[PDB]
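Below: the structure, in structure tokens.
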Amino acid sequence: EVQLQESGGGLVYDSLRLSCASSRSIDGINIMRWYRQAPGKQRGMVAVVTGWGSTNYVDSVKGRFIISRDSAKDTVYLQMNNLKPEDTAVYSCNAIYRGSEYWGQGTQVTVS
Amino acid sequence: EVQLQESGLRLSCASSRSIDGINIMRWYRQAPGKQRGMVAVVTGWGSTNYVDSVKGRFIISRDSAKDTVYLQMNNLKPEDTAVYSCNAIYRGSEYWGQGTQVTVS
Amino acid sequence: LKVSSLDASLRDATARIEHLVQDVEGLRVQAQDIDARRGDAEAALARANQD
Amino acid sequence: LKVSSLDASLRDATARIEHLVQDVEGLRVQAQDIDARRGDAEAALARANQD
Amino acid sequence: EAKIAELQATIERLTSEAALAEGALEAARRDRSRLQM
Amino acid sequence: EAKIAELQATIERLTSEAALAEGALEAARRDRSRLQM
Amino acid sequence: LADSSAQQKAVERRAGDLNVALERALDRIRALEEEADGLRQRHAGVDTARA
Amino acid sequence: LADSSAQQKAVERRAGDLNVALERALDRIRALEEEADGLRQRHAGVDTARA
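Pasting the structure below:
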């Protein structure tokens, strides 16, 4: 099964970066999307990338994030910008490959 | 440019053209005093699924010939009473018809 | 939990058992089909040699 | 107690499936050998027909 | 053909996941909209 | 080619409504988690 | 011709094996879909009960 | 030979195709078994907290 390693982290008093790389089938995933996982409460998606470049987002973060592929490391680029610090949450990135759904390990980030 | 005219314990719609040249289409349920809600999904494959409320309840079927899709009401408890409208998706577009209603019991 | 999981696993194992038993019997039958072909081939080689 | 018994039966069944896996792989090889001889015999038929 | 098969499998995945979301969250509307208004 | 383009577009839209639905329903989660807690 | 028809035999055979195995795999996908539906039903009931 | 090599190539292609189909179907069986497992443990937990 495709393994997924992620990135990100830190703590500052507006911008930060988060990209997860798949273990195999580089460029072998149609829909990829990160979900937000806030404490206690359940999990929910934040942004999507199709297999080819278009990017719908969640209304909660329109314009606030840029999501973009990078076949160089199979690291779709979930970019955190102008963060409202309350929006912190463990972040796991998903992969829908060959009809099967593969989950990341989750990552938590906060600033301010 | 597609039109989805409705019909109809068994209800259907017809498209303007290109059935099975029409990719994903689904149906929606409008309970009164409530907002929109999806019902059941046929694909171009015939791959199919329902929503949890109507799971097991409703059954959906595609007729490739006469430009149509089918929903058949089953063992209905009045709670499903609502106005239904049949939907379709074509090269990234909505496609909504006029829809039709279902009653108590 | 572990009775449920072990139960599902043993249903898997049973199903694989009857499937593979069908496979074994089918390949036996197909082997006799090959054997009949071989017998016919040997008879044909015999008449070929005599001719 | 049910878990204990059913785990025992699962161990027995996995032993059986391993043995029958051995049997089916062996029969696959054996059918392969008969197939090679089928090829040889049909070729001999062909050459004899040519002669 | 491989590409169409892959993308179609993804279509079924999205359909099923979207159905699950719609169901759970229509249930959320029902339940807590009744508990509120 | 035509069919793969069409199916790609359907992926596009289904993803979009997935996003909108998940968003309005995260909003439902927030509001109703407050309104019961 | 001899070795080409031999390869025909071998490939045709293993193709038949692949076809029957894929038949099984689609059947088992169907079955696991059915049991996942059963778990969904029971687990919706014993979720409303919890609520 | 033309006919036979045509059949050789054709069955080789169809065998490769159904090999891909078996690979993907076996992957799908693995996915469904994992999903059914997850249903099993989570259903047990929910039905027990509800007790």
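Chains as they are written, first to last, in the working numbering: chain A, 748 to 859; chain U, 8 to 112; chain F, 2 to 52; chain C, 2 to 52; chain B, 181 to 217; chain H, 181 to 217; chain R, -9 to 41; chain P, -9 to 41. Heads up, the beta-carbon is just placed ideally off N, CA and C, and yes, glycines get one too.
- Item | Proximal chain P residues relative to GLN(-2) of chain R, where beta-carbon distance stays under 7 Å | As a first step, residue -2 of chain R is located in the seventh sequence; it is residue number 8 there, counting from the start. By Cβ distance, chain P contributes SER(-6), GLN(-3), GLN(-2), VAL1.
- Task: Less than 8 Å between the CB atoms is what I'm expecting for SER22 of chain U and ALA95 of chain U, so what's the real figure, rounded?
- Result: Residue numbering aside, residue 22 of chain U sits at position 15 when the second sequence is read from its first letter. Residue numbering aside, residue 95 of chain U sits at position 88 when the second sequence is read from its first letter. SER22 of chain U to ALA95 of chain U, Cβ: 7 Å. Contact.
- Message: Output needed for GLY851 of chain A: all residues of its chain with C-beta closer than 6 Å, excluding positions within five of it in sequence on either side, in chain order.
- Response: As a position in the first sequence, residue 851 of chain A is number 104, starting the count at 1. Residues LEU751, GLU753, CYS767, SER839, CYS840 of the same chain have their beta carbon placed closer than 6 Å to that of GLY851 of chain A, with the five preceding and five following residues left out of the count.
- Thinking C-alpha only, which one of A:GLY787, A:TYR804, A:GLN855, A:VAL823 is nearest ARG193 of chain H? Mapped onto the sixth sequence, residue 193 of chain H falls at position 13. Of the candidates A:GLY787, A:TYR804, A:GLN855, A:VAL823, A:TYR804 places its Cα closest to the Cα of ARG193 of chain H.
- Could you tell me which residues DSSP pairs with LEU765 of chain A in its beta bridges? Stepping through the first sequence from its first residue, residue 765 of chain A is reached at position 18. BP columns for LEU765 of chain A point to A:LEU825.
- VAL48 of chain U versus chain B: which residues are under 7 Å apart at the beta carbon? For the purposes of this step, residue 48 of chain U is identified with residue 41 of the second sequence, where counting begins at 1. Chain B residues near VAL48 of chain U: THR195, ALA199.
- Message: Less than 8 Å between the C-beta atoms of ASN30 of chain U and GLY51 of chain U, yes or no?
- Response: Position 23 of the second sequence, counted from the start, is the residue given in the question as residue 30 of chain U. Position 44 of the second sequence, counted from the start, is the residue given in the question as residue 51 of chain U. At the C-beta level, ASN30 of chain U and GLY51 of chain U come within 8 Å of one another.
- Which of the three DSSP states, helix, strand or coil, is assigned to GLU13 of chain U? As a first step, residue 13 of chain U must be located in the second sequence, where it is residue number 6. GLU13 of chain U falls in the strand class under three-state DSSP.
- Residue-chain proximity (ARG4 of chain R, chain F), Cβ-Cβ < 8 Å: On the seventh sequence, position 14 is the one that residue 4 of chain R refers to. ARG4 of chain R does not count as touching chain F.
- Message: Below 7 Å on C-beta distance, what does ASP17 of chain P contact in chain A?
- Response: Taking the eighth sequence and counting its residues from 1, the one referred to as residue 17 of chain P is at position 27. The answer, in chain order, is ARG845, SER847.
- Query: Is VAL61 of chain U helix, strand or coil by DSSP?
  - Reply: Mapped onto the second sequence, residue 61 of chain U falls at position 54. Here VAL61 of chain U sits in coil by DSSP.
- For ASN9 of chain R, the first and last residue of its enclosing alpha helix (DSSP H): Sequence index remark: in the seventh sequence, residue 9 of chain R carries index 19 (1-based). Where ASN9 of chain R is concerned, the enclosing alpha helix (DSSP H) stretches over -8 to 38.
- Item | Within-8 Å CB hit, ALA9 of chain C to chain F | Walking along the fourth sequence from the start, residue 9 of chain C turns up at place 8. Not one chain F Cβ lies under 8 Å of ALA9 of chain C.
- Query: What is the DSSP secondary structure of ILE843 of chain A, reduced to helix, strand or coil?
  - Reply: Taking the first sequence and counting its residues from 1, one reaches residue 843 of chain A at position 96. Strand at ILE843 of chain A.
- Query: Straight-line CA distance for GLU206 of chain H to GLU197 of chain B?
  - Reply: Working through the sixth sequence from its first residue, we reach residue 206 of chain H at position 26. Working through the fifth sequence from its first residue, we reach residue 197 of chain B at position 17. Computed Cα separation, rounded: 15 Å.
- Quick one: is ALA11 of chain P near chain A, going by C-beta distance under 8 Å? Locating residue 11 of chain P in the eighth sequence gives position 21, counting from the first residue. Among the CB atoms of chain A, none fall inside 8 Å of the CB of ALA11 of chain P.
- Message: Looking at chain A, is there any beta carbon in it that lies within less than 8 Å of the beta carbon of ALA189 of chain B?
- Response: Counting from 1 along the fifth sequence, the entry for residue 189 of chain B is found at position 9. By this cut-off, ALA189 of chain B is an interface position.
- Query: Do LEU21 of chain F and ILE18 of chain C come within 8 Å of each other at the CB atom, strictly closer than that value?
  - Reply: Along the fourth sequence, read from residue 1 onward, the residue named residue 18 of chain C stands at position 17. Along the third sequence, read from residue 1 onward, the residue named residue 21 of chain F stands at position 20. In this structure, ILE18 of chain C sits near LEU21 of chain F, with a CB-CB distance shorter than 8 Å.
- Selection of the region 24 to 53 of chain U by Cβ proximity to chain H, strictly under 7 Å: Residues of the region 24 to 53 of chain U with a Cβ closer than 7 Å to any Cβ of chain H, in chain order: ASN30, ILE31.
- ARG69 of chain U, enclosing beta strand (DSSP E) - first and last residue: Against the second sequence, residue 69 of chain U aligns to sequence position 62. Per DSSP, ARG69 of chain U belongs to the beta strand (DSSP E) from 66 to 70.
- Query: Can you tell which of U:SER71, U:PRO39, U:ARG43, U:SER112 has the C-alpha that lies nearest to the C-alpha of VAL49 of chain U?
  - Reply: Translated into positions along the second sequence, residue 49 of chain U becomes position 42. Of U:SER71, U:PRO39, U:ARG43, U:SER112, the residue nearest in Cα terms is U:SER71.
- Query: Is the Cβ of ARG40 of chain R closer than 8 Å to any Cβ of chain P?
  - Reply: Taking the first residue of the seventh sequence as 1, we reach residue 40 of chain R at position 50. Taking a beta-carbon distance threshold of 8 Å, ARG40 of chain R counts as an interface residue toward chain P.
- At least one CB of chain R closer than 8 Å to the CB of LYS62 of chain U: is that the case? If you number the second sequence from 1, residue 62 of chain U lands on position 55. Yes, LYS62 of chain U lies at the interface with chain R (some Cβ there is under 8 Å from its Cβ).
- Message: Looking at the secondary structure, which residues open and close the alpha helix (DSSP H) in which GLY791 of chain A lies?
- Response: If you number the first sequence from 1, residue 791 of chain A lands on position 44. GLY791 of chain A -> not in any alpha helix (DSSP H); beta strand (DSSP E) instead, spanning 790 to 796.
- What does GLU202 of chain B touch in chain H if you count any residue whose Cβ is under 8 Å from its own? The sequence position of residue 202 of chain B within the fifth sequence is 22, counting from 1. Within chain H, the residues placing a beta-carbon under 8 Å from that of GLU202 of chain B are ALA201, ordered along the chain.
- Message: So with CB distances below 8 Å, who are the chain C contacts of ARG29 of chain F?
- Response: Here residue 29 of chain F refers to the residue found at position 28 when the third sequence is read from its first residue. Chain order gives the chain C residues near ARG29 of chain F as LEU28, where near means a beta carbon separation below 8 Å.
- Beta carbon of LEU830 of chain A nearer than 8 Å to that of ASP761 of chain A: Here residue 830 of chain A is taken as the residue at index 83 of the first sequence, counted from 1. Here residue 761 of chain A is taken as the residue at index 14 of the first sequence, counted from 1. Inclusion of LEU830 of chain A and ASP761 of chain A in the CB contact set at 8 Å is warranted, their separation being smaller than that value.
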